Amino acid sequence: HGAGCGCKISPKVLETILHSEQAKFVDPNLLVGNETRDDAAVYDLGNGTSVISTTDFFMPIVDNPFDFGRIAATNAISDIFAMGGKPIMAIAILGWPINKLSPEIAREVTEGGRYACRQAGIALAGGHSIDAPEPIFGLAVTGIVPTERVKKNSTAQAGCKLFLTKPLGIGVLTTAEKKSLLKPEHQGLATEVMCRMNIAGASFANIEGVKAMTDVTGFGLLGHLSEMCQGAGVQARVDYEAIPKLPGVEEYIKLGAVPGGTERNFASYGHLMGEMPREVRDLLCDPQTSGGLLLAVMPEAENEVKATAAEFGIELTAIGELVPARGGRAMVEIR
């Protein structure tokens, strides 16, 4: 009943570079997981177990309060799964304009959060809330991961196949909802895609063959895959059609619903990409709120993994491969 209060959901609002640069520097340690550019902190307990701490929150992406809460919680929890961790708890983060919106609605948002948490196997353990001019919801999530998984960090490798657990286009569908979103299966499909919890990541990390694992969110596929190629000093080749896509995204893109986030993404990652046709570019730069997992996996597993994806029923999309860096070739090139 109101993604109407946000307002302006892109892209100077969520994690504005400017602000994002405030991680700073340091090395007193036990803290192995975020001192620099990272989106999560990780602390080694020394017994072979590390605690993960991660936070994310935003303004309403959808009009339905329950769904908004589910999605935001799902997105916040994804960060633990994408490092191959297990969430053990979560606490709510809520700003709400009480002089404007009733506490009933706010409760709906929170119940959404609680639902998404239950899907992750945890409880929403309370939280903190304040009066704010614009609604803000998210979580601070805590997790555990074996210390070996973080301390030995692949580093994907040349020869790796590239896999995607969710189709792309979330940004464009939500943008198409601004107006021109059509009634057909373009109703609620983006919500359903966002609310798929990345729970299988925790299992994917128990495999050696998979060299790199990240979640594709907000930097878009271009940004996340480019980041995966930056470490490992390797380039990427992607089949642009193998690429799982939401129903009717290209129609919405060529008809013009592209969030400003994609532009911000192109300004950041565009030089790493070949010169590309506008619609394709808008697809690759599309921020994915609560997107899926990008996997860099090699053959000795092409199936072991695959199995697993099947066990969680996600299975699964091959979009391309990783090649050793060669000259004159783009870091990520599209075919």
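In this text, residue numbers run from 1 along the sequence as written.
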(message) Can you tell me whether 260-268 has a higher mean C-alpha B factor than 182-190 in this record, or the other way round?
(response) 182-190
(message) Which is higher on mean Cα B factor in this entry, 104-112 or 227-235?
(response) 227-235
(request) Among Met298, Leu284, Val62, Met273, single out the one with the highest C-alpha B factor in the record, please. (result) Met298
(message) I'd like to know which of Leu255, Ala82, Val216, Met197 has the highest C-alpha temperature factor in the PDB entry.
(response) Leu255
(request) Rank-wise, by C-alpha B-factor, drop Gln157 into the lowest, middle or highest third of its chain. (result) highest
(request) Could you say whether, by C-alpha temperature factor, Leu293 belongs to the lowest, middle or highest third of its chain? (result) lowest
(request) Relative to the other modelled residues of the same chain, rank the CA B-factor of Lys211 and answer lowest, middle or highest third. (result) middle
(message) For the chain shown, is the CA B-factor of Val42 in the lowest, middle or highest third of its modelled residues?
(response) lowest
(request) Taking the chain's C-alpha temperature factors as the reference, tell me which third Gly95 falls into: lowest, middle or highest. (result) lowest
